[PDB]
DNA sequence: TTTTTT
Ligand SMILES: Nc1ncnc2c1ncn2[C@@H]1O[C@H](COP(=O)(O)OP(=O)(O)OP(O)(O)=S)[C@@H](O)[C@H]1O
Ligand SMILES: Nc1ncnc2c1ncn2[C@@H]1O[C@H](COP(=O)(O)OP(=O)(O)OP(O)(O)=S)[C@@H](O)[C@H]1O
Ligand SMILES: [Mg+2]
Ligand SMILES: [Mg+2]
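Residue numbers (PDB author numbering), protein chains in the order written: chain F, 1 to 333; chain G, 1 to 333; chain A, 1 to 78.
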């Protein structure tokens, strides 16, 4: 009785909204293919495991923050390289003005196809980001050090002039203008952020991130990356041990953490990730300090086993296939 | 004599108003059934008790705000699922463009029947909401993060352009245009808002909400939801201990609070709520860490008692019935 | 238990709110910690600090949350 | 109305 005219009114309203605002203005969530979450590999298998969905979600905003020299620009360059290897166009809005193009190729980035922008002001940086998103031809954009996103008023002003929350206002406005553009264009945006200690820490941890509060709400994935040791081959430090704690996740379960190695001039040690990932998965046998595979004793120590896996590509493919088979909770293909 | 003339004039005026504006333009408050408050369950029993009237008032405006990852979206999705389980039709205006359909499905939401819209502009968002409210076929509309309700001029403008209170003006206009429609259709509108910092205040709460002041005035129920701790299964963090503070209430006594758990992938832990509320009502006995029900030792720890409740559906329904009878301040007809 | 709250003189309370804040915190502890003598001393110092003497880490976390709620409900209680 | 900063 009443349910039929209720359905009629619902259909009429849906049609009128479709006419007023467009074909995809309103529809049932089940039949909206654009809302499906698509992820891309971050270049780190352990990080893809920790992220739950297998990587960073396309068309969302990602905040990655950590202390000085924690490897944030290296992790973001690695995910840029991973996206480029699939065939995507990438852009690097380098606000902090220190991207080494030679180290970027070393981390696997196609420098010839990486759109590079050194924005003068924070407003110019975010406007370039908005233009790239609205274009739809850029799949990954990385904004380095939103601390360096200096407002035009702050730049035109003098050092020591107080600019009340102006950077926070700009950041919130950019989020407002950019969330929809990124969703429509299916473009991933990665904000590298810094840690700032606060004064008088009575109700919280000192480690604040600059750029206001809007980035915390709008970021789909928030990564806390830190350096937790040194990878020294002999007496020479040839790498760094890093840990990433997923502090906010809107595409899978948060608070997971991934431990890996950045090896200076090579990036994330992917085979190093593979060794440990197989070890925790019982496919790689850890006999004290020995590493053996299917009875075949592959080495001693983590570095020697990683080198041995580098020596044997077919077994690396096989172990990678198995680890992806069981550990990825949402295998896309 | 005089009183008879007063009654005659009153009856004539009421009849005139009814012919001019309609049958239900004016009447005595006691005989106006449209003025009664109807509530819909939140999906959280403790919050239902904290709301006084047993749920969110249907046909009103509701604001839910809190910090990042405090559970605003999940709480609203549980409300939507509870409404849909009663045969009602719900709509989700995602201004954040940050909804996961799979996670919404895992929370119990009928994805194939939930109306979902990703509006480009805040004006488009509120116009779609207005059309749905005017239709009368949608019962619960949830507008995600009015912080993302970006004015159309702001989208057309550039990052860094000053739009002084444009969002506030648009929100004030929308409330004026929407309160009457929501009351007429008896449809509940739930607004999610984000917490921003107001600066220059050295005492009190600097936690302002976005969207201006009109939301504060027009919202019948205002909730401060905050993640106050972690729920972990030893090492892995499986959920969040959260508190909801009823900071404004037009349908019951305000300033009450509720405490519960959101388990990642399951939503509000209804069984944990039932265990806790039975504990408060002297129905579940706590000997240190030993939960026992009517002599029988149901479990050791909140998780064990919750599992025991899960494995005894009849007992769970029994305690649900008696708790609902006991603690609800306003027992609905 | 001994609670010392030091408030930066560069970021002072409204005049007369120091004693009110001390009494209000005292009410909060005696509600939360009735078994032990909760003495709060609020005073102006160089930096804002909170010192808890006679309690564990979880208790210190509880007192920090209580002070947070007091500071943010200042309008309710002052 | 709008936003922290070390
Ligand atoms: N061109 C390079 N060649 C070799 N190693 C490098 C180079 N650039 C950086 N590294 C090292 O790689 C590790 C992490 O890389 P980075 O990209 O510098 O991380 P980061 O946290 O972004 O540091 P910032 O941006 O300066 S605070 C650091 O230990 C660096 O010393
Ligand atoms: N797809 C998901 N998979 C697993 N966990 C999730 C997912 N989405 C949200 N959660 C978790 O559920 C808890 C509540 O999340 P939400 O309700 O989405 O947060 P929120 O309060 O809306 O704050 P926002 O919108 O993220 S700024 C958080 O701890 C989330 O990490
Ligand atoms: Mg860098
Ligand atoms: Mg949300």
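Where is the CB? At the ideal position from N, CA and C, for every residue including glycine.
Problem - Assumed close pair residue 306/F, residue 264/F - CB separation to whole angstroms, cut-off 8 Å - result: That belief does not hold up - the Cβ atoms of residue 306/F and residue 264/F are roughly 16 Å apart, past 8 Å.
Practice task
Show which residues of chain F have a CB atom less than 7 Å away from the CB atom of residue 33/G.
Solution key: Close to residue 33/G, with beta-carbon spacing below 7 Å, lies no residue of chain F; the smallest spacing is near 16 Å.
Problem - Unbroken stretches of the beta strand (DSSP E), 3 residues or longer, contained in the segment 269–293 of chain G - result: 285–287 and 290–293
Handout entry: Rounded C-alpha distance that separates residue 242/G from residue 235/G
Key = CA-to-CA, the gap between residue 242/G and residue 235/G works out to about 19 Å.
Handout entry: Sequence-distant residues of the same chain with beta carbon closer than 7 Å to residue 225/F, five excluded per side
Key = 64, 66, 70, 71, 72, 75, 242 and 244
Exercise for the section: Per DSSP, which residues does residue 224/F bridge with? Please list them. Expected result: Bridge partners of residue 224/F: 65/F and 245/F.
Problem - Burial state of residue 173/G, where buried means 16 or more other Cβ atoms lie within 10 Å - result: exposed
Problem - Own chain residues within Cβ distance below 8 Å of residue 197/G, not counting five before or after - result: 206, 207 and 208
Handout entry: Cα-Cα separation between residue 66/A and residue 256/G, rounded to whole angstroms
Key = 17 Å
Practice task
Please find out if some non-hydrogen atom of ligand 1 comes closer than 6 Å to the beta-carbon of residue 224/F.
Solution key: no
Handout entry: Alpha-carbon spacing of residue 339/G relative to residue 84/G, whole angstroms
Key = Coverage of chain G is limited to positions 1 through 333, which leaves residue 339/G absent and any answer about it impossible.
Exercise for the section: Could you pull out every unbroken alpha helix (DSSP H) segment of at least 4 residues lying fully inside the segment 116–178 of chain G, listed in chain order? Expected result: DSSP runs (the alpha helix (DSSP H)) wholly in the segment 116–178 of chain G: 122–135 and 152–156.
Handout entry: Spatial neighbours of residue 128/G in its chain, beta-carbon cut-off 7 Å, leaving aside the 5 residues before and after
Key = 93, 117 and 119
Exercise for the section: Below 9 Å between beta carbons is the criterion; list the residues of the segment 177–204 of chain G that meet it against any residue of chain A, in chain order. Expected result: Of all residues in the segment 177–204 of chain G, the ones placed with a Cβ closer than 9 Å to any Cβ belonging to chain A are 202, 203 and 204, in chain order.
Problem - Given 8 Å, three or more beta-carbon pairs between the segment 6–20 of chain F and the segment 273–286 of chain F - result: no
Problem - Bridge partners - residue 295/G, DSSP secondary structure assignment - result: Beta-bridge pairing links residue 295/G to no other residue.
Problem - Where the alpha helix (DSSP H) containing residue 5/A begins and where it ends - result: Run containing residue 5/A: none in the alpha helix (DSSP H); it sits in the beta strand (DSSP E), 2–8.
Practice task
Using three-state DSSP, classify residue 34/F as helix, strand or coil.
Solution key: helix
Practice task
Could you please give the first and the last residue of the uninterrupted beta strand (DSSP E) stretch that includes residue 334/G?
Solution key: The structure shown does not extend to residue 334/G, since chain G spans only 1 to 333, so no value can be given for it.
Exercise for the section: Taking only the alpha-carbon atoms, compute the straight-line gap between residue 326/F and residue 319/F and give it to the nearest angstrom. Expected result: 11 Å
Practice task
Return yes when the Cβ of residue 46/G is within less than 7 Å of the Cβ of residue 316/G, no when it is not.
Solution key: Pairing residue 316/G with residue 46/G gives a Cβ-Cβ distance that is not under 7 Å.
Handout entry: Whole-angstrom distance between residue 182/F and residue 125/G, CA atom to CA atom
Key = 17 Å
Practice task
Report the residues of the segment 10–23 of chain A with a CB closer than 8 Å to any CB of chain G, ordered along the chain.
Solution key: 11, 12, 13, 14 and 17
Handout entry: The alpha helix (DSSP H) enclosing residue 374/G, as first and last residue numbers
Key = The structure shown does not extend to residue 374/G, since chain G spans only 1 to 333, so no value can be given for it.
Practice task
Report the three-state DSSP secondary structure of residue 19/A (helix, strand or coil).
Solution key: helix
Handout entry: Proximity test, residue 103/F beta-carbon vs ligand 1 heavy atom, cut-off 6 Å
Key = yes
Handout entry: beta strand (DSSP E) segment containing residue 57/G, residue limits
Key = 56–58
Exercise for the section: Kindly list, in the order they appear in chain G, the residues whose Cβ is closer than 8 Å to that of residue 165/F. Expected result: 197 and 199
Problem - beta strand (DSSP E) segment containing residue 49/A, residue limits - result: 49–53
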